[PDB]
Every structure is written in structure tokens, then in C-alpha cells.
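Below you will find one chain, with nothing else, as C-alpha cells; this is the form solved without uridine 5'-triphosphate (UTP), and questions on how it binds or moves follow later.
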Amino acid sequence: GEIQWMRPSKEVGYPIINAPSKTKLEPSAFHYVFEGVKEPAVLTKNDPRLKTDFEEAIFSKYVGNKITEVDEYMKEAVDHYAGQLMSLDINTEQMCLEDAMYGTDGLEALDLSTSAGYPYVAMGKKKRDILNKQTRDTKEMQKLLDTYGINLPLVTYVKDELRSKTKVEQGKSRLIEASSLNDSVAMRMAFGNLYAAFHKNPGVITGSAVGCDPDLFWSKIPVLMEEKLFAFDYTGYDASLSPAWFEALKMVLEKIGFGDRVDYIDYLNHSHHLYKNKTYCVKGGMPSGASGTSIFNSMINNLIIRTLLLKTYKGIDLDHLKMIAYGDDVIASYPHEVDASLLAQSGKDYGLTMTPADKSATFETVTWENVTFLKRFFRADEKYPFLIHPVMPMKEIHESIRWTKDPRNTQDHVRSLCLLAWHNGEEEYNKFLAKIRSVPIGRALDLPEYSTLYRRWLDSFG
């Protein structure tokens, strides 16, 4: 991905966007009870914790493109992957407008608590003003399609989130591209039946995790995996993706029957952006919050691993590759050990910057003891070894609890962390309930015991 040009949105006639200036995150009643080192991400240039120039930093993720042409490995990569997907018999029909707005089986209705994007943002208009779940009226939206059409600009916002010290100082905040209400709808009409099929079939056919519930699914994953595992992290995955990869994705969509819509993918590759007082074009790089970003990032992720294995390990039977991706995250198996250090080198020639898994120092062998997925570990239950605990380390749970976006919700917030935390096992869990209760607000909460959660978990296989 590469910024093609930038300039004052007034030079062009685009309005300014009101970006918020201060975080919703504040220290919580538990801020001093636990240990943490994360703070709210930098949101603006004036932020005193900056150790460099903000806009320089936030936009630095676009490293540039590596390749414009789809290689022969990619082409095969495509063929194989499209092959898998064909086995799902995926409905290729356009989705009806009423469903793309208000939802249907396998696809959730649009969120009316979020923005409608450009141009509606600027008129001060809102999603609730065009959609009505009660009537499920489509007539008004249709006119807005007729009016403003599609391929509208993405409105770019800073992600408001807990981030590590250096990343705070270094100003490396994450970005969010706000899809036009018009484009989400066109996308859903074009690909809704695609999205729903993925939502319905998380696993090793789709190669996607979207739609899994880690509490139940963790126990199914080892069963689907081949004998040996490999894995790695990506650097700035989204903003590295070279336009070649989009062309590959388009090929997959033709090959599985979505040939006419492969144009929509073009708007994701060559996008135009509003950001406060500025405006810019980007070539390459998946836009953070466009319709289908989870699905397409996973699909391209499926093509990358197939490609890299080919231009590295000749005579690899991609039929015995078993992977699951959530966007850039991935867990992958094969019958013989494979060398992430080796695939990492290949990746370089594709604009992909691939580091060792679990932020490790040097490349290492992945086992069921040290593999992570969606930030969880795998630990077999001590009494039912075919049941696998998704294990969120306490460390990340400690970080979360030390802040809040509204103390009014302190009970829900903490209750929700227990559901993650108890998989560390009774000892650490009761020590966690102890620390919560070591302050008065702690003791005002209704919290569940290990015995209760362990019971409910065991019962959900049933």
C-alpha cells in the first residue's frame, strides 16, 4: 500500500471531519489493585507523550507495494483455494436489498449505532434516519443509491484503544476507514451470500475463523489439524498487501462464480480517503473497516500461505495443508514440519514482512503448548483431555481491568473478564476474584464462582 497523493480537503471541496480529540478511557477503581503498563493510544498531534511527528507516524504503515503482477505460484494458490471453496456450493446470486440492509440468515443487519459515513456525516444525517427495522423499508435507501451512487470516500479515524508504551510514544496509533453507508449496502448485496457462507462454515474449508466461539471451537481445532504446526506474525499486514493480491482475490471470486462483482474489490485497492482537513488516494492495502474486511483479509491470507509454500517447498500437497485465519492471525498445520524462517524469506519478495509468532525473538518450533490463536493458548482439561481450554493469559486481562469508558458498566466489564479468566484454572481464578474483592467496589459486584463456570462450560457440549 502507498499514498498516491494528499492535499487540503478544501482545495477539492470536501468538508472537514470532526475527529474526537481525547480518549474515553480513564483509570478505573481497579487501576492500582493490578499491574499494567498500557495507556490510551495517541489521538492527536498536541499529545505531550509523543516522541515524533504524529501524522508522519500514523500514515507510515503504507510501506509501499512490492509486486503488480500475479506470479505462477499465486495463480496455482488461487486455483487450489477456489477449489476448496467450490466444495461449499456457495450461492452466487446477488443478495436482495432488503436483506443487505436489515439482515437475513448468516448475515447480521447493519448497525444503527455507527456512522453512515460520507456524505451523510457532513449533512449531519444518521443511519436510523434511513433504516427502520420495524417496517424494513427499503424505498428511501434505494434513492440514496440512485443519488450518490457508490465508490464513495472512506472517512479515516484514529482507533481509541489501549496500546503499549513505545507505540504510544512512537505515535503508532491504528487507523479506521469508515465505509460509506452506500458502499456497505452495495457490498452486502453483491457478496452477502458469500459472507453468510463463511459465517456458517468456520474451519479448514473456508480457511476462516469468523463465526467461531472459542469456548466450544477450541476443542474441535486439534481434530482438524495435521500433525505438525507452523505459525508467524505479520507486520502491518493490512497496509502491506500489494495490488497483485487483490487481483488474486478477484480471480478466486470469478472462479467461484462472483465474476461480475470483482469490480467492487477494485474500490478497496484504489481508495480515496478523508481525514480531518485532508484527502488522499491509496494504492494497495486493505482498508481497515470496509464491508467484508474480515472475510477478504482471511481469503488473501489463505492465498499467501499457499503461495509461500509453493515457492519454497516444491512437492507440497496443498491438499494436506490445514489452516484457519482470522484476518492476519493464523494457525496452520501440515504432516511434515515446515520452516517459518524459510517462508519468511520468500514473503519478503511479496511485500510481506513476517516475524516470529508470539513476538518471540528468533524463529522456533510451534507445538500445542506454545501456539496462540485470537490471543488464546491451548490447554487440555485435566479431567477431560479431549476438551481444550482457550486460555487468555491473566496479563492481558489485568491490562483491561485497569481502565474504563464508563464506570456505570463496571459490573458487566468485570463479569465479562471472569469468563475469559477462569480458563487459567481454579487457582489463578480464585486469586483474581480475591484481588477484585480487595477493594470495596469489588465486593459490590455479583460474580460467578469457578465451580459454576466449569459446570456451565462442560454442559455446553450437549
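When you see a residue number, it is the position in the sequence shown, counting from 1.
The form solved in complex with uridine 5'-triphosphate (UTP) exists for this protein as well; it is not shown, and the discussion that follows is about that form.
Checked against uridine 5'-triphosphate (UTP) in the deposited bound form, the candidates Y120, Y237, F373, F217 yield a single residue with a heavy atom inside 4.5 Å, and that residue is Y237. Taking a 4.5 Å heavy atom cutoff to uridine 5'-triphosphate (UTP) in the deposited bound form, the contact residue among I176, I316, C96, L387 is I176.
Shown here without its partner, the chain carries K75, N302 and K322, none of which come within 4.5 Å of uridine 5'-triphosphate (UTP) in the deposited bound form through any heavy atom.
Among heavy atoms of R128, none comes within 4.5 Å of uridine 5'-triphosphate (UTP) in the deposited bound form. Contact check for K255: no non-hydrogen atom falls within 4.5 Å of uridine 5'-triphosphate (UTP) in the deposited bound form.
Although the partner is absent here, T104 lies well away from uridine 5'-triphosphate (UTP) in the deposited bound form, with no heavy atom inside 4.5 Å. Of the heavy atoms in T138, none are within 4.5 Å of uridine 5'-triphosphate (UTP) in the deposited bound form. Partner proximity in the deposited bound form, defined as non-hydrogen atoms within 4.5 angstroms of uridine 5'-triphosphate (UTP), places exactly one of 160 to 168, 96 to 104, 221 to 229, 330 to 338 at the interface: 160 to 168.
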